[PDB]
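Each chain gets a letter, A, B and so on, in the order the sequences are listed, and its residues count up from 1. Both backbone and side-chain heavy atoms feed into the values below; hydrogens, waters and symmetry mates do not.
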Amino acid sequence: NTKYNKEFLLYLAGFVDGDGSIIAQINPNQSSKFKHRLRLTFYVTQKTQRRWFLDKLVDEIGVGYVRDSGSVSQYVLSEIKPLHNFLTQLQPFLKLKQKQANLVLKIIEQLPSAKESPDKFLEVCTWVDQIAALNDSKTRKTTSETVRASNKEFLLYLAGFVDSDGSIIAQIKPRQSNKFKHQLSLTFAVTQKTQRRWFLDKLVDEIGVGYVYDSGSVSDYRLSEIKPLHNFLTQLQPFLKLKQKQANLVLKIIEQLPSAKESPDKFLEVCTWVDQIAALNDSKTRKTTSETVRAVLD
DNA sequence: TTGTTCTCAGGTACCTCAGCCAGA
DNA sequence: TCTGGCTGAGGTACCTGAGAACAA
Ligand SMILES: [Ca+2]
Ligand SMILES: [Ca+2]
């Protein structure tokens with residue numbers, strides 16, 4: 001049994017709450033004693049361009065594997081002993097997926113019994129149900145019914161959730177009344193299905209600043225005020241693993257706003273910093289760029 | 001002339017299942 | 001009959017922009 005470092009577990013619990021998945025399944029199976037086979041899996045998905053991150057996990061956790069699916073990759077752990085050992089250690093730090101974790105640990109321990117009785121098996125399948133109910137389940141076929149046949153601790157965890165479900169954005173917004181016809185915009189955002197808004201609300205309390213906004217079926221925590229933002233990113237930046245470049249770039253920009261609102265040179269140079277931030281992001285619908293701002297030649 | 005609030009939306013990058021096979 | 005490595009995809013729940021309007 002490997003013991004995992006607490007700091008590793010804090011960050012990881014956040015990223016897992018963000019991009020991870022804790023899953024239990026009943027596999028239709030003729031060979032199986034009860035025509036069904038239970039699978040338990042922990043997943044971390046990420047764009048293949050960042051599979052190094054998932055490759056790190058394999059090394060740090062020390063078990064599991066990484067697979068590709070064209071554009072997107074996954075870390076996967078289904079081996080039972082190690083899975084229980086890992087989840088046992090991770091669950092105290094989970095906030096969104098903690099109930100799932102614990103249910104998967106219960107199932108794992110009750111296994112030996114489940115396989116030696118039709119009735120014990122059934123009960124266990126009703127835990128798989130529960131887990132699926134907790135997840136954003138949408139394509140599940142085989143169900144049990146079928147079978148009837150401390151500030152550093154918060155910043156480490158918050159870095160994790162931010163590296164996964166969050167976004168550090170910098171924008172150049174076209175505007176007539178602006179001295180150089182464009183307005184700089186910096187934003188820290190965290191996104192979440194509106195049914196977990198209570199979580200983005202918690203952030204407003206813990207961070208001290210910002211607001212939660214709703215739209216369609218999702219909500220955002222957003223932070224755009226130049227001061228608070230600089231304060232926050234200065235604190236949070238040491239603990240980021242995917243978005244550290246973006247965080248610094250935003251701090252470097254904020255520090256050079258003074259001299260940027262003075263000369264068309266500094267302004268256009270700071271615009272290239274915005275370009276770099278979007279390059280680093282998974283940018284897809286960006287319109288106004290620095291080259292655009294180079295119409296300032298007019 | 002600037003900062004900020006508040007909502008919307010394109011295009012995925014996730015999540016959460018589905019399943020087959022070889023080995024012991 | 002059991003376990004773990006490996007593969008495919010449905011349908012969002014995110015990310016990362018956009019811009020109109022309020023408040024200075
Ligand atoms: Ca998520
Ligand atoms: Ca992500």
* Structure fact -> Between CZ of A:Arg39 and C1' of B:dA18 the distance, given in whole Å, is 12 Å
* Structure fact -> Taken in chain and number order and not counting sequence neighbours, the residues that satisfy ring pair (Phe, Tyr, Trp, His ring centres under 6.0 Å) with A:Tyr11 are none
* To do: Go through B:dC14, C:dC14, B:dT16 for me and flag the one nearest to the A:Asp165 side chain.
  => C:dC14
* Does A:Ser78 put a side-chain nitrogen or oxygen below 4.0 Å from OP1 or OP2 of C:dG5? -> yes
* Structure fact -> Per atom distances to the A:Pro28 side chain, the nearest of C:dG17, C:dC14, B:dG19 is B:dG19
* **Selection: residues 46-53 of chain A, any non-hydrogen atom under 4.0 Å of DNA chain B** => A:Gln46, A:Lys47, A:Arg50
* Describe the nucleic acid contact of A:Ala189 in one word from base, sugar-phosphate, nothing, applying a heavy-atom distance below 4.0 Å. => base
* Structure fact -> A:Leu184 atom CG is separated from B:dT2 atom P, nearest whole Å, by 9 Å
* Asked: Quick one: is A:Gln74 getting a side-chain N or O under 4.0 Å of the B:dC15 phosphate, OP1 or OP2?
  -> no
* Give a yes/no answer on whether the side chain of A:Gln25 brings an N or O atom under 4.0 Å of OP1 or OP2 in B:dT16. => no
* Can you list every pair that meets ring-ring contact (aromatic ring centres under 6.0 Å, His included) and has a residue in residues 13-32 of chain A, with sequence neighbours left out? -> A:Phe15-A:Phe53
* To do: Quick one: list whatever passes side chain to side chain contact (heavy atoms under 4.5 Å, CB included) with A:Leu249, sequence neighbours left out.
  => A:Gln276, A:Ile277, A:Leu280
* Between A:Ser137 and B:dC17, is there a side-chain N or O to OP1/OP2 distance below 4.0 Å? -> yes
* Spacing of A:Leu223 atom CG relative to B:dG3 atom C1', expressed in whole Å -> 13 Å
* Taking the side chain as every heavy atom from C-beta outward, state whether A:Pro228 and A:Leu223 have any pair of such atoms under 4.5 Å apart. => yes
* C:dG4 base to A:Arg37 side chain: any donor-acceptor pair below 3.5 Å? -> yes
* Any side-chain N or O of A:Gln183 under 4.0 Å from OP1/OP2 of B:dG3? -> yes
* Asked: Looking for any heavy atom pair under 4.0 Å, which part of the strands does A:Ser164 touch: base, sugar-phosphate only, or nothing?
  -> sugar-phosphate
* Can you tell me how far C1' of B:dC14 sits from CZ of A:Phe15, to the nearest Å? -> 10 Å
* Asked: Can you find an N or O donor on one side and an acceptor on the other, under 3.5 Å apart, linking the side chain of A:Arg175 with the base of C:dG19?
  -> no
* Where does the sugar of C:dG11 land, north (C3'-endo side) or south (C2'-endo side), based on the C1'-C2'-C3'-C4' torsion? -> south
* Asked: Picking from C:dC15, B:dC15, C:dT3, which would you name as closest to the side chain of A:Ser167?
  -> C:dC15
* Asked: Do you see a donor-acceptor pair shorter than 3.5 Å between the side chains of A:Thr48 and A:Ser73?
  -> yes
* Check whether any side-chain nitrogen or oxygen of A:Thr191 sits under 4.0 Å from OP1 or OP2 of C:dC14, and answer yes or no. => no
* Apply side-chain contact (heavy atoms from CB on, under 4.5 Å) to A:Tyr221 and A:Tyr213, showing your working. => CA-CA 7 Å; A:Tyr221 171 83; A:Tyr213 303 94; over 6 Å; no
* May I have the distance from A:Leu134 (atom CG) to B:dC17 (atom P), rounded to whole angstrom? => 10 Å
* Between A:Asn281 and C:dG17, does any side-chain N or O lie under 4.0 Å from OP1 or OP2? -> yes
* Asked: Where the side chain of A:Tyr65 is concerned, which of B:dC15, C:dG17, C:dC6 is the nearest nucleotide?
  -> C:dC6
* Short side-chain N/O contact to C:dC14 OP1/OP2 from A:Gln192, under 4.0 Å -> yes
* **With sequence neighbours excluded, residues passing salt bridge (charged side-chain N to carboxylate O under 4.0 Å, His left out) with A:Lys193** => A:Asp136
* Protein proximity profile, nucleotides 6-11 of chain B - base contact B, sugar-phosphate-only contact S, no contact -, cut-off 4.0 Å on heavy atoms -> SBB-SS
* To do: Could you walk me through whether A:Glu255 and A:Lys252 pass salt bridge (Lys or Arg N to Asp or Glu O under 4.0 Å), step by step?
  => CA-CA 5 Å; A:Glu255 296 154 27; A:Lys252 176 180 231 295; over 6 Å; no
* Asked: Are any of the side-chain nitrogens in A:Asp129 or A:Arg140 under 4.0 Å away from the carboxylate oxygens of its partner?
  -> yes
* Asked: At under 4.0 Å, does any side-chain N or O of A:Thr142 touch on OP1 or OP2 of B:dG19?
  -> yes
* Rounded distance in Å - CD1 (A:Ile108) to P (C:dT3) -> 11 Å
* To the nearest angstrom, how far is A:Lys33 atom NZ from C:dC2 atom P? -> 7 Å
* In whole angstroms, how far is the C1' atom of B:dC14 from the CZ atom of A:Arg67? -> 12 Å
